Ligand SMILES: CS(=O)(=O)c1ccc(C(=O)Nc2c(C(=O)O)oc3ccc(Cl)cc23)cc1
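So this first bit is one chain, no partners, the form deposited without this ligand, shown in structure tokens.
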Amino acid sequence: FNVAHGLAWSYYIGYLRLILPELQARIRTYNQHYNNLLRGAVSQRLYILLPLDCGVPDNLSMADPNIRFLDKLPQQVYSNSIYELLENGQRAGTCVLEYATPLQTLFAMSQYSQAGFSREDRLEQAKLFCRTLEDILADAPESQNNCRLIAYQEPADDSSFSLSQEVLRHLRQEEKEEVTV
């Protein structure tokens, strides 16, 4: 009995498979403007946050102030937000960013006692969700190329973890890949 299998399949079949095709077009279009205006550029892949603690806030900035809402992405109806990632108040990157909503479900199950679903269970299913979704996107056509999964475990407490730094690590790796190959 693994809820993560179905959660992952539903998240792909009912959301990602449908939104990802439009995305590279929406982003190229926006980048025309963003470039001519702020000489910037938004990455072309959807960045999906997978906090293994299943903590999904209502606004990204609350999880890190160095992640700042920049703009809504226009459509070619799905709502997507571009964020700028800051370092010392200086813009270091930009990307379309959002949390994997199914993890909220996991969280809620852990707070729903009739479910008999512990925090241990919840973490286990979060990792399985990440794995299953990786596997799905691996066999998927151009969907894998259109997004990147950012899975992370935050420290038990009082340790220097920056979500913005994790995302920037991924963005910089993506650019390195793009220019070297």
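Basically, rigid core = biggest C-alpha set you can superpose within 1.5 Å across the two forms. Start at 1 and count along the sequence shown; that's the residue number.
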property	result
Between 26 to 34 and 145 to 153, larger RMS Cα displacement in 7 other deposited structures of this protein after core fit	26 to 34
Segment of greater CA departure in 7 other deposited structures of this protein, 81 to 89 or 107 to 115, core superposed	107 to 115
At least a third of other PDB entries omit residue 166	no
Residue 77 preceded by how many uncoordinated deposited residues after residue 76	10 or more
Mean C-alpha temperature factor, higher of 32 to 40 and 128 to 136	32 to 40
159 to 167 or 9 to 17, whichever carries the higher mean Cα B-factor	159 to 167
Modelled-residue ranking by C-alpha temperature factor, third containing residue 147	middle
Cα B factor band for residue 116 (lowest, middle or highest third within the chain)	middle
Where the record places residue 88 (Cα B-factor, split into thirds across the chain)	middle
Chain third (lowest, middle, highest) by recorded CA B-factor, residue given as residue 104	middle
Chain third (lowest, middle, highest) by recorded CA B-factor, residue given as residue 179	middle
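Beyond what is shown, the protein has a form deposited with this ligand bound; the following relates to that form.
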query: Which of 131 to 139, 25 to 33, 144 to 152, 118 to 126 lines the interface with this ligand in the bound PDB entry (heavy atom within 4.5 Å); finding: 25 to 33
query: Contact of residue 62 with this ligand in the bound PDB entry (heavy atom, 4.5 Å); finding: no
